[PDB]
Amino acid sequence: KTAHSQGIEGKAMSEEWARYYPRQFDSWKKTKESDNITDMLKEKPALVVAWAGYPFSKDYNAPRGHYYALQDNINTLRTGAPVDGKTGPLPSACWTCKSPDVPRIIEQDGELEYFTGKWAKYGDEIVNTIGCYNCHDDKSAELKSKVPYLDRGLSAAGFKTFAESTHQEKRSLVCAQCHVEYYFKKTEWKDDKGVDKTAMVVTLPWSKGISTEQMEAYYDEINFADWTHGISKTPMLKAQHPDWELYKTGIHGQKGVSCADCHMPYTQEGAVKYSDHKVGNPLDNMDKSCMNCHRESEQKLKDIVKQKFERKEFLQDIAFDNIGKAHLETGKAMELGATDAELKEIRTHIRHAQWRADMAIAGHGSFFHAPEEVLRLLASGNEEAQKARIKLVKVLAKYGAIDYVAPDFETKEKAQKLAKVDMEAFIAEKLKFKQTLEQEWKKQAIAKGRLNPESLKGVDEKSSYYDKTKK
């Protein structure tokens, strides 16, 4: 047994686990070191055009340390600026993979109630970031999945549930609670008080399998669309960090190497084994992350990975360039009078092209986890985009614009102008929210004892629209 066999009071606050596991707590806290904000819309402006009419066209950055998950969820322009618990663009489900307070609330009010309402609904309740309670049982300390949607998805795909899985499998599944592709399923229900409510439930699109093509069929079957493209009016599908799905197809995954083997390597200290909880870039600690299975210069193994990234970059820029043009070209055809009937096939091609290319790059580590599947996906996506463009030339010609040249979008500024994103307005509105409602959420959380001010140190120094500079 553990020294807390009856549970941990205040288990949602990771600082509560420190008295029992000082080592793991210390390394866990160090993800604070990965504080770099890389503006992906600035790096790859093509993404703005691809996501026109969707929140990702406003703000989308690379991931950083777990230490910042909760705050980045709050800072991103995607969550907008609620004025109370009933306003704001996004639903409560957006907290799901950002805090140990999520399973706390689910266990208190039930899954459906948790998935009911606006994101702003839990502003003063979900205030702790990725913590011990997200992956550990507070009585046994054993690995555990705290979200019901994972097993639900695993079963639907023919996989064993978390409890049915081996230990090595669990070392990757704890990650799969969040590092997977998903969609919100509108779900009607009635509470114990009889009132009718609508919940937006996190759902893993795995009922037909976990390959990109299988997930594609899954979405097409129910005619699902995350949004109607702001430019081409195409029924779009958004891929979101399908890290685990692509990892499973890669060689490492097929050979049984877990996420933890590379991101949370062990350090043996005479009979005692410790897992490095500083989840980050394995290439920064290759001796422990890689050289326990590989025998050769860290630099060469590093160079090899660098090569894979370049390959991915090459195909990525090609695919999204043609996807961007397809969108704009379709928008032009619309302006000239093209009918939805004349554009249906073109739109289906664009939908599939972006779904495949987005699935390939949405998982930032996929280029390494499953390099071959990534390249094949980008190639397949590009082909679908070009098929749409070839047909687009004819539609354009019919309407007298065969020589139309889609506008360029080589900078975030130009791309956002095409996507009609009024950044200044969104940022101004966001800051007002942060300076008012946000501070009230934190003050209330601290007063009620749900948040420890210590966890806020340096957590809000940066975002894509501001940088207080230092630490």
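We number the residues from 1 along the sequence you see. Superpose the two forms; the largest set of C-alphas matching within 1.5 Å is the rigid core.
Novice: So which moves more in 5 other deposited structures of this protein by CA, 261 to 269 or 67 to 75, given a superposition on the core?
Specialist: The more displaced stretch in 5 other deposited structures of this protein turns out to be 261 to 269.
Novice: Which of the two stretches, 346 to 354 or 272 to 280, moves more in 5 other deposited structures of this protein when the core is held fixed, judged by C-alpha RMS distance?
Specialist: With the rigid core fitted, 272 to 280 is the stretch that strays more in 5 other deposited structures of this protein.
Novice: Averaging only over Cα atoms, indicate whether 335 to 343 or 270 to 278 has the higher B-factor in the PDB entry.
Specialist: Result of the comparison: 270 to 278.
Novice: If you take the mean CA temperature factor per stretch, which one wins between 280 to 288 and 369 to 377?
Specialist: Taking the mean B-factor of the alpha carbons in each, 280 to 288 is higher.
Novice: Can you tell me which of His327, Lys306, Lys387, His364 has the highest Cα temperature factor in the record?
Specialist: So the option with the highest C-alpha B-factor is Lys306.
Novice: Per the entry, which of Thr76, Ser165, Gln316, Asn128 tops the list for Cα B factor?
Specialist: In this record, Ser165 carries the highest C-alpha B-factor of the candidates.
Novice: Divide the modelled residues of the chain into thirds by Cα B-factor and specify which third, lowest, middle or highest, holds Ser57.
Specialist: As the PDB entry reports it, the C-alpha B-factor of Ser57 lands in the lowest third of its chain.
Novice: Lowest, middle or highest third: where is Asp226 by C-alpha B factor in its chain?
Specialist: Middle third by C-alpha B-factor.
Novice: Taking the chain's C-alpha temperature factors as the reference, tell me which third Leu90 falls into: lowest, middle or highest.
Specialist: Middle third, going by the recorded CA B-factors of the chain.
Novice: Using the temperature factors of the C-alpha atoms in this entry, rank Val180 within its chain: lowest, middle or highest third.
Specialist: For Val180, the deposited C-alpha B-factor lands in the lowest third.
Novice: Lowest, middle or highest third: which one holds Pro242 when the chain's residues are ordered by CA B-factor from the entry?
Specialist: Its C-alpha B-factor belongs to the lowest third of this chain's values.
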